[PDB]
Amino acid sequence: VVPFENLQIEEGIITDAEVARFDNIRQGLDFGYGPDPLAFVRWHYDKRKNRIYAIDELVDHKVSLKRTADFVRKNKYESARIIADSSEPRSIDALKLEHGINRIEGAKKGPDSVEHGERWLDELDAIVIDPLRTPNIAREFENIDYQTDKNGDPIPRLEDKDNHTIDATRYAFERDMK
């Protein structure tokens, strides 16, 4: 009925000292399309505790690959891999060959992996988000609901709306699932 009961959301819940230690980084990127924003996410993965921690994000409705690469470079996030929305193969090429983001690769998983990937996220012990650091991730994860059928009952598919950072997060963790 309610997804992501596992959410741990509170201002200040991730300290500067913690961000300093996190060293199992996962990054995802959705390019946006039509009015939908580009959404870059960076997380830390504690595999033993089955937790993920949101570190940073960039959400931009006025999509600029230049601005995205500048943000990634500025924060020295270039050294960790970015798994990106594979529907824009030339945007990936652009970030690599034009903007020097070398560790970007297309998401290997296809459109039929969506429900699986969302379920994987929902089955984590905790998804830990500090709205002071990642306000968009916080808002989207808190407010996302299940889709529903004729009979008006929830199906195990999240709404495909206001979910741009959730998509980016799926890509970021695609290699960690099963």
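Numbers follow the displayed sequence, beginning with 1.
Annotation for 60-68 versus 147-155: the higher mean temperature factor (C-alpha) is found in 147-155.
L7: CA B factor in the lowest third of modelled residues in this chain (values from the PDB entry).
Among all modelled residues in this chain, the alpha-carbon of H116 has a temperature factor (C-alpha) in the highest third. Per the PDB record, residue ranking by Cα B-factor puts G28 in the lowest third of the chain. Annotation for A20: C-alpha temperature factor in the highest third relative to the rest of the modelled chain, per the entry. Per-chain ranking of the deposited C-alpha B factor places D160 in the highest third.
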